[PDB]
Amino acid sequence: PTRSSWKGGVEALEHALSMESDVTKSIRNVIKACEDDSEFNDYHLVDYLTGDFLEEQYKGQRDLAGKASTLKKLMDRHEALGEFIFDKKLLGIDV
Amino acid sequence: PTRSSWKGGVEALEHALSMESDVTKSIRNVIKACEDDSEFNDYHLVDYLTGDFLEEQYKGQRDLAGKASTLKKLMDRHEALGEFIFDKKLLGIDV
Amino acid sequence: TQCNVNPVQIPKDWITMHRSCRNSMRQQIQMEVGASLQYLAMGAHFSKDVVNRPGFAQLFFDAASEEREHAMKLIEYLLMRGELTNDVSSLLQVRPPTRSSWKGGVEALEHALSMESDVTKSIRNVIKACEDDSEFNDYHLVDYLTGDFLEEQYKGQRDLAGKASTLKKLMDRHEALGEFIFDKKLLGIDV
Amino acid sequence: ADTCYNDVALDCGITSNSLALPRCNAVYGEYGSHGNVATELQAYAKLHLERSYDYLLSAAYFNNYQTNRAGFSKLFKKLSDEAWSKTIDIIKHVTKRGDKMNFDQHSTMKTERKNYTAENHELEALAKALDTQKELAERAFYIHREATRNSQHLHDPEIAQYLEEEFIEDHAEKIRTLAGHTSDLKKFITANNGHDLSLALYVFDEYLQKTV
Amino acid sequence: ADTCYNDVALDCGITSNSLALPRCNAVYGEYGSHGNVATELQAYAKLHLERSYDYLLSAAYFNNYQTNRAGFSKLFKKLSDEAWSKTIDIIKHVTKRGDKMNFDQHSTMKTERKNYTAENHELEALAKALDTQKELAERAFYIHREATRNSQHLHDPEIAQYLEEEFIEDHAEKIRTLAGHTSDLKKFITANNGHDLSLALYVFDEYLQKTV
Amino acid sequence: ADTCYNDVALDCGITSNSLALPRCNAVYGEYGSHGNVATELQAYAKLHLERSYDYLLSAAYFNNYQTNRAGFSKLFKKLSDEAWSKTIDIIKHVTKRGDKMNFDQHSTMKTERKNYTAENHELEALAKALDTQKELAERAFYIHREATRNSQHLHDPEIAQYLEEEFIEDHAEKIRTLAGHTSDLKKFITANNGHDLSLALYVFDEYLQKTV
Ligand SMILES: [Ca+2]
Ligand SMILES: [Ca+2]
Ligand SMILES: [Fe+3]
Ligand SMILES: [Fe+3]
């Protein structure tokens, strides 16, 4: 892979959000290619990509965006303790 | 009662520790009076006060002293959040 | 760099143990640890292939762990009273035990009985120091040592004394078979 | 070739008046005859014994009313109990292989001399725990190498497998866990000028109570 | 002798203005300092990662409508899932020992270059699976030897036991199973002039569905 | 580099009229090509087979009406059953690694020649059992060393781990148990001029019935 290090959890969450955003755009382009081919509108595949793949994409983006917002608010004064607590919450552990 | 207000949880815990410390000293004085009466050493009551009452006193003091130490360390920079979290832990709630 | 938090101070009037009593308790803690190490050596001896008395080995390894628990209970008592905020490192010293071999089960049981007898006498001396300090009679600790520690000591001595008497009677003519059977009985095995 | 059977044949003869049976013991693979594996195993029981009591004192220190860190105390109590249990297990292994435990046996592994002090702040205590666990782990590596590689005339895979199964696998987990704890404390101390340190130590201790 | 405790004592001094703590990590036994064991373990995760996707493509090929061999497809899907799971496990082991994963790390083991093609007939596919599993197995033997025998200054029985327990034992079973499958197909092809081949491949695929 | 895949490509060509596939077998790590590990493993199955029947005869002898020692008989029957089971397990391991079992394979390990006699008194029988178990244990040490240390071109940790897990760990327990039994009998014979011997043998046999 292109990247192998991140400054902290916020940078990784923002990078993940951007990767997901790119995948969503790419799936929408597959949908366009499959739907708009003048010789064959692939109704079923378009429906599959829209109802299954895009569904997962939009929910995933909102989840990552929320995590990034929540953690980023803690960075100006609580970088270490904020990330430590947030990290344990990801494991389902309330300290 | 003599006092009706405390600045925060630490002041109340320290006041409770001091009250318990006074009770422990008073029970030890009851033991002395009951054991050292030249006419009658009340063996059974001395034993009861020592094994039941003092037992509860020493465990209670250590518990309050530990709570006071733990919370007081949070007061120089985390008075509000530190006491808030500590307070919920007293209810068995891990935030 | 500041790696630790500036200490805070809370009321200390509740911390009341006096020096003579506290020092006797510290000495008792080292004595319990010393006893745990001596019992470990007994367990090791009876575990040898050429001795092969697994019942005795288990009896003494169990005794070693129990003495370690006794040391821990005394340490916990001091902590409850507000002590050991310092001078903790010097509380104990692990050193090789004085004895490492015994002729047979009877010698080991008699040595254990003598060790327990010494511990009982030492606890009674801690009680005296804690009770008779002219400035502070520590009623609660005296009661704790008497009702918990001495209770365990007297029951333990009687148990070891009985085991020694029973096995020793078998030694004039049945040293090998007598000890073999007695050893398996320690494991709960009736041959 | 001396065997237990031959010793019996000789000593059980009407000519004999004793029954020494020197070969009727649990020694095989020349355990204890070549190399330092047998004495190193005895010294390893001794190291665990000493560390069990060092950890016990740290557990006590963190349970005094001023420090009052139940999580740190629990961490050290567990290390102490495990080292005590391993001490007995090693003693039993030494005797299982036909040797006898000597509590004054020293290791040949050149290890610096550094007294263990129980009165430490949190980061110092974890750092010392990490160092002592790495020392226990490297001592196992040393005995393992002595058993299967250092001496031409000694090859004892029973000791090697015993170390692999009972010590080596778990050492990696403990060391990684302790190293992670020191990294967490280091960050609490350095990030945002260490402003959250007191609250972080409290939160971290609560975390240890739930995970140790 | 640098220790984490000494680093803390130095850096936590009023004189210091930083907290590097270079020795407060999970590295012990000089892991990563001598020899190639640390880099070889990273390259081993990479080999499993690549093979997991090669096996996935074979599973896909055998699930196309013309081949339609559910048993062969299931066999490759299982190999793919196992290799994917091992990739993550090795990455976690690399970090457990205090190192960091590098996805571009190469192995020193001289291994020929042969592209993996997913479009194969049944015997060819099993032969390639057998060869790739033998390669994974021999790579484990190589890392094991590097950890405990090839370098005078490196002895890491933790890596050796990890390989023995998590890879080596199971490799023998998988290789024996795949070798047996190639023997069965070889017989279907050669006996009675190969006349039963099409029915035998169908029966064999049904057998794989029940036993993989 | 010969591979099973390349053998298939060559033999499955229209040019070919056969399908040898010499590399499509379970052999890897050059098992059987360098050193004596492969032949020693075969000879190890043979040693267990021979000992299983020696132990069976001892079990029979102790079950005759004059000896009538059900505990001693049970001890030998268990040793026999275990050695029989191990014989089959080793044969299966030999074939799992791509070799074939040869029941006339001899070991290179220089071992004296001593016939096993089943008619023995109790101490003699235990002494012989102890010696034969030590021989099985030292033979495992020998094969282990041959697999991972004696030959520069042979490194087979699969055989090493197999021996460690299936033989080596348990040998120490059995040898320690048998050594302890000989110590107990030695004491019955020597203490108090051996006066309690007959009652002690009876009690000891009853003890074996409960613990074997
Ligand atoms: Ca192993
Ligand atoms: Ca090995
Ligand atoms: Fe005691
Ligand atoms: Fe294992």
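All conditions but one from (1) within 7 Å of another protein chain (Cβ to nearest Cβ); (2) of a type outside the set (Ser, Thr, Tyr); (3) more than 30 Å from residue C:176 (Cβ to Cβ); (4) without any contact (Cβ under 8 Å) to a residue 24 or more places away in the chain apply to residue C:52; the one that does not is (3). Scanning region D:56-69 turns up at least one residue that is touching a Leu at 6+ places or on another chain (Cβ under 9 Å), within 16 Å of ligand 3 (Cβ to nearest atom) and either farther than 18 Å from residue F:172 by Cα or within 14 Å of chain C (Cβ to nearest Cβ) (or both). With respect to the conditions (1) among the small types (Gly, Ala, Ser); (2) over 22 Å from residue D:203 (Cα atoms); (3) assigned to a helix (DSSP H, G or I); (4) more than 9 Å from chain C (Cβ to nearest Cβ), residue B:4 falls short on a single one, namely (3).
Just one of the listed residues (C:40, C:59, C:91) is closer than 30 Å to residue F:181 by Cβ, among the aliphatic types (A, V, I, L, M), within 8 Å of chain D (Cβ to nearest Cβ) and within 16 Å of ligand 3 (Cβ to nearest atom), namely C:40. When each of D:55, D:44 is tested for being buried (at least 21 other Cβ atoms within 10 Å of the Cβ) and within 30 Å of residue C:7 (Cα to Cα), the lone residue that passes is D:55.
Does residue D:150 meet the test of being closer than 22 Å to residue D:37 by Cβ, surrounded by fewer than 17 Cβ atoms within 10 Å (Cβ to Cβ) and out of contact with any strand residue (DSSP E or B) (no Cβ under 6 Å at 6 or more places or on another chain)? Yes.
From the list C:5, C:51, C:119, C:88, the lone residue that is within 21 Å of residue C:157 (Cα to Cα) and among the β-branched types (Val, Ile, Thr) is C:119. Selection of region F:118-132 for residues being among the polar types (S, T, N, Q) and buried (at least 24 other Cβ atoms within 10 Å of the Cβ) yields an empty set.
Hey, can you tell me all the residues within region D:190-212 that are closer than 19 Å to residue E:21 by Cβ and either of a type outside the set (A, V, I, L, M) or within 8 Å of chain A (Cβ to nearest Cβ) (or both)? Selection gives D:190, D:191, D:192, D:193, D:194, D:196, D:200, D:204. Given the condition farther than 21 Å from residue F:98 by Cβ and within 16 Å of ligand 4 (Cβ to nearest atom), answer yes or no: does some residue in region E:141-157 qualify? Yes.
Checking each residue in region C:56-92 for being touching an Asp or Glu at 6+ places or on another chain (Cβ under 8 Å) and assigned to a loop (DSSP other than H, G, I, E, B) picks out C:86, C:88.
Restricting attention to region E:1-24, the residues that are at the interface with chain C (Cβ under 10 Å from one of its Cβ atoms), closer than 16 Å to residue D:120 by Cα and not hydrophobic (A, V, I, L, M, F, W, C) add up to 2. Among the candidates B:49, B:64, B:54, the residue that is surrounded by 13 or more Cβ atoms within 10 Å (Cβ to Cβ) and more than 13 Å from the chain's Cα centre (by Cα) is uniquely B:49.
Out of F:187, F:174, one residue alone is within 12 Å of chain C (Cβ to nearest Cβ) and part of a helix (DSSP H, G or I). It is F:187. With respect to the conditions (1) facing chain D (nearest Cβ under 8 Å); (2) within 16 Å of ligand 2 (Cβ to nearest atom); (3) small (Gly, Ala, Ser), residue F:137 falls short on a single one, namely (2).
Would you check if there is a residue in region D:107-129 being in a loop (DSSP other than H, G, I, E, B) and touching a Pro at 6+ places or on another chain (Cβ under 7 Å)? No, region D:107-129 contains no residue that is in a loop (DSSP other than H, G, I, E, B) and touching a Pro at 6+ places or on another chain (Cβ under 7 Å). Can you find even one residue in region E:26-41 that is away from chain D (no Cβ under 14 Å), within 14 Å of the chain's Cα centre (by Cα) and either in a helix (DSSP H, G or I) or within 18 Å of residue E:143 (Cα to Cα) (or both)? Checked against the condition, which is being away from chain D (no Cβ under 14 Å), within 14 Å of the chain's Cα centre (by Cα) and either in a helix (DSSP H, G or I) or within 18 Å of residue E:143 (Cα to Cα) (or both), region E:26-41 yields at least one hit.
Conditions (1) crowded, with 19+ Cβ neighbours inside 10 Å; (2) assigned to a helix (DSSP H, G or I), marked per residue:
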| site | (1), (2) |
| --- | --- |
| F:65 | no, no |
| F:72 | yes, yes |
| F:75 | yes, yes |
| F:80 | yes, yes |
| F:83 | yes, yes |
| F:86 | yes, yes |
| F:92 | no, yes |
| F:102 | no, no |
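Condition test on residue F:127, is it free of Cβ contacts under 8 Å to residues at least 40 places away in the same chain, facing another protein chain (nearest Cβ under 9 Å) and either of a type in the set (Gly, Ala, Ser) or touching a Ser or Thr at 6+ places or on another chain (Cβ under 9 Å) (or both)? In short, no.
Could you please let me know if residue E:160 is buried (at least 16 other Cβ atoms within 10 Å of the Cβ), within 14 Å of ligand 1 (Cβ to nearest atom) and more than 8 Å from every other protein chain (Cβ to nearest Cβ)? So residue E:160 does not fit the description; no.
Filtered by the rule that a residue be within 14 Å of chain D (Cβ to nearest Cβ), in contact (Cβ under 8 Å) with a residue 60 or more places away in the chain and within 23 Å of residue A:20 (Cβ to Cβ), region A:65-88 gives A:71, A:75, A:83, A:86, A:87. Scanning region E:136-157 for residues that are away from ligand 1 (no atom under 12 Å from the Cβ), without any contact (Cβ under 8 Å) to a residue 60 or more places away in the chain and part of a helix (DSSP H, G or I) yields E:137, E:138, E:141, E:145.
The numbers here are math on the coordinates, done by the rules we state, and not lab data. So basically every Cβ, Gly included, is an ideal-geometry build from the backbone, and we count neighbours across all protein chains shown.
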